[PDB]
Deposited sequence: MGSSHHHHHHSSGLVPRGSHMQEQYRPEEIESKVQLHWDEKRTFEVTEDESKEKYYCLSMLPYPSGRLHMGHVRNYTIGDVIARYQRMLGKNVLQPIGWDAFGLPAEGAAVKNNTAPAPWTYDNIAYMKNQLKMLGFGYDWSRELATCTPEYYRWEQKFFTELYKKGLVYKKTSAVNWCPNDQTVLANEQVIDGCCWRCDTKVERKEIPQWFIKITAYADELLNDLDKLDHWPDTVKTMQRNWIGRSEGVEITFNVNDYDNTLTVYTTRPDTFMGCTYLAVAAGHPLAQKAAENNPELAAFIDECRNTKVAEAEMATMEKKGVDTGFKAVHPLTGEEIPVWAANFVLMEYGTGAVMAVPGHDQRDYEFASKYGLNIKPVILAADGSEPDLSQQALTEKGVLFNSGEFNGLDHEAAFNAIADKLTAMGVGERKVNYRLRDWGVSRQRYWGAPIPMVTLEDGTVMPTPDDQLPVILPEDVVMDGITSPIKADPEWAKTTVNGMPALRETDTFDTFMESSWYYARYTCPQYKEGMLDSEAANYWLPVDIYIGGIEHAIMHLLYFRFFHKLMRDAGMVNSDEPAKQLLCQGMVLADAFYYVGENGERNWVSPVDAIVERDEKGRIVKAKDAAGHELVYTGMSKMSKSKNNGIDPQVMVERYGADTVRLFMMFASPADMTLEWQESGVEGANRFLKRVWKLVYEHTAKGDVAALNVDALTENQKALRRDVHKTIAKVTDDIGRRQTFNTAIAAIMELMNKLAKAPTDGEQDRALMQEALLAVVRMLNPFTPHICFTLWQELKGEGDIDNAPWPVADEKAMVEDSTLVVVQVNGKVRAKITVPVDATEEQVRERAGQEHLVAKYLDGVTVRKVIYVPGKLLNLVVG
């Protein structure tokens, strides 16, 4: 064994080993309990960022640990490889998106290997390869034939393919109650984004208008307070009136471009269905065209938005709901928003909210001018992009003008990778020959738009279970073996997009017979952002210039706080504190630099120690150095121990009191570390516990046979406890220690519960809650015996609650 720990001589050899032995490749073994550990797959931008390293280290820790518990562990990796940045990069450079992407994949793949993440590399996927996207093309055609896909023009004013995610809204909402092991914050974000709403459509007659006008309200109980209607700028009733009306004309145009209320009177009168009175119809900026019918009824008395509109434009404010105490409401300043009993409403006077809502809804429904309507804030999923670098949409327009999917025997529709980008138009649109095809004996033009990249990331988790299956999108027996994902790790920024889509997609696959389960992932862990110090100076021109923390010459006060800072050019810098890493703040830290500086193990250890997985981590070079010194101390202790050669078998009966208590701490540490990693997922305190035992072990004597056999037990346990964090050093150390086999197949240490019996316990004696004594009594002892002993204590003598083997308190009388 070398005296000095040198990661450059260890890590790349251990990584080769893992490749040659295929250590982390797994099959569908029914003789083992499966564990599927998944980290959000990276986009191949070119280099790993510190957020990748954190995400993937957390994942690797769990995967390695669960393997040592005896599970069959799937930890897959791959590339979300389509998307916008490759188009830009291709143009800036001399190239095309495909080769730029594959070059990045190779470079980033090597980085991941150099960090030593135990992936099953046999299951590696690149989502821009036909072998992957072909299946989402087939799936889309099936969705279309099942009526879940449609085309329409929308404004984000382009025609688009939509998938009917709203057909699954109720279930996506309801099934959140099954997600006990997802964080409340993500669940609440999904609830709010779905935005399920119960209400009533109310249809009106408009006097000089050809059509009826329909509005959506969540508050039909306020309908006798309706003094006008309001329509979106893009509503067709507004477009018609705008022909004669230049005031309205310019208002509509203004609303397309560039929380104040703004409106113009349309001139149209609508007939209130209950009263029969004419009310006016205004165009208003606060009514979204895309939600509900794009038209509301206005009740200024009780909708704050309608209050400010009516107050601005002089329209009537009419009170129809009473205040909580039953008194008529104060409308002189704002709307009365709370639900309450009706007045000023004829039939419906005296009805409380629920009764008013139903009575009015029922009356309108019976008159044929209302119906209950459930809307969602959730929009249908627009999946088409006017971009080249994405999977082609498998749809076609025959010369008929008729539209159908690309036939099965023409799938996949392959994106040609050999292209020159003019930077302006997609190559597959620019070449007019590419679109031309023949379908069903007929000439046709195939879709030129491509899928948004969310399409690929919505199902990769499942394809990892059968990456090479050629028969279908999924092999159901393999998918159901592995799914649902046990833990999914990745940032909270994905909560309302990817984290929703993949649930939807899971449910689509379920409903196609493809998978067995309702939800894709049991636990979601959102790891916190990595932060770094940020500095800037102000130039002579008044512009801020951000300076990398590496380049800051800082001056600290007596207590180590930064009190002044300069760069080498002499610029006075202002320290802005720990912040999110960015190219704009110029404070990003390159993990490759840190891996080459300290070794992958040091970087992994620091990232798992500095902070709880779900909280922000502050990058501190002094912290990384601390981690580096710790591993050197661990290396050092194994080097001195093994230098003394083989050890006798440990004899637990003949151990000394000192030896027994040291052993007890080894085993108590095994228990705590097991619980922190396995149940609490508090990795930072797990490492802390290992550090604390190491400090004790560095002081233990190692000359007697029994001392050396104990140390052997301890070090073999420590090397295993650390292995999920720092597997390169632990792989090597295990061998040095003559452990059986490769550490990766070694069993996780189990605490020997005979070694943990305490004999005595400490008890804190308090008088009026404040500690006066600390005393040692057996776990064996009865309540009297503990107070008897307490009473014999002389500082207790100068001055009744009991917790066994813990505390005794005396309220003074």
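> What portions of the deposited sequence, indexed from 1, have no corresponding C-alpha atom in the structure?
Counting from residue 1, the stretches without coordinates are 1-20, 177-206, 309-317, 859-866.
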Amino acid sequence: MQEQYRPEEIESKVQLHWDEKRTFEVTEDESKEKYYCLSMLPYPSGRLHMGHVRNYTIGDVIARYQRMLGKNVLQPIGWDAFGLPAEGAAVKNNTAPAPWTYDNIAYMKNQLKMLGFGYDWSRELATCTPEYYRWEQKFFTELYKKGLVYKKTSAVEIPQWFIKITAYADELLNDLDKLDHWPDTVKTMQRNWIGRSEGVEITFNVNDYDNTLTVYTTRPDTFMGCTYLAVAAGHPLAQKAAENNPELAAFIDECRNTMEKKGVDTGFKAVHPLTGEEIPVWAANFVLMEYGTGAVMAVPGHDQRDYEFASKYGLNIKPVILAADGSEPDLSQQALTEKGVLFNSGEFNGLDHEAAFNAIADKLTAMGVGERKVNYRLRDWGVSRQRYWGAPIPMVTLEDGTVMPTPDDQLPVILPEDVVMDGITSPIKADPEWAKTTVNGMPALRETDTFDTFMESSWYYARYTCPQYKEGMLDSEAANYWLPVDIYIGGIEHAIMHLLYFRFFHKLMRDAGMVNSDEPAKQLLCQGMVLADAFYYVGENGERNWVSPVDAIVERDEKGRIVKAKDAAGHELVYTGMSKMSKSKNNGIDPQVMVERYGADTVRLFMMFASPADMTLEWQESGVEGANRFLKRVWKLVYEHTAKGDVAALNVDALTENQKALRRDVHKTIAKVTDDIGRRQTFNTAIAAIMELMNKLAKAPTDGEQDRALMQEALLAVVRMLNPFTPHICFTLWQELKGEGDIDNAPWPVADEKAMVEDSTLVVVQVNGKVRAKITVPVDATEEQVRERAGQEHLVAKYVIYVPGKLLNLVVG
From here on, numbers count along this sequence of modelled residues.
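Definition used throughout: the rigid core is the maximal C-alpha set that superposes within 1.5 Å between two forms.
> Out of 604-612 and 321-329, which shows the greater rigid core-aligned C-alpha deviation in 8 other deposited structures of this protein?
The more displaced stretch in 8 other deposited structures of this protein turns out to be 321-329.
> With the rigid core as the fit anchor, does 570-578 or 717-725 show bigger C-alpha shifts in 8 other deposited structures of this protein?
With the rigid core superposed, the C-alphas that lie farther in 8 other deposited structures of this protein are those of 570-578.
> If you average the CA temperature factors over each stretch, which comes out higher, 773-781 or 40-48?
For C-alpha atoms only, the mean B-factor is higher in 773-781.
> Using only modelled residues of the chain, where does the Cα B factor of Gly645 rank: lowest third, middle third or highest third?
Highest third.
> Within this chain's modelled residues, let me know which third the CA B factor of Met108 belongs to: lowest, middle or highest.
Its C-alpha B-factor belongs to the lowest third of this chain's values.
> What third of the chain does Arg787 rank in for C-alpha temperature factor, lowest, middle or highest?
Highest third, going by the recorded CA B-factors of the chain.
> Consider only the C-alpha atoms of the modelled residues in this chain, order them by B-factor as the entry records it, and name the third containing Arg544: lowest, middle or highest.
Answer is middle: the recorded C-alpha B-factor places it there.
> Using only modelled residues of the chain, where does the Cα B factor of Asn768 rank: lowest third, middle third or highest third?
Its C-alpha B-factor, which the entry lists for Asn768, ranks in the highest third among residues of this chain.
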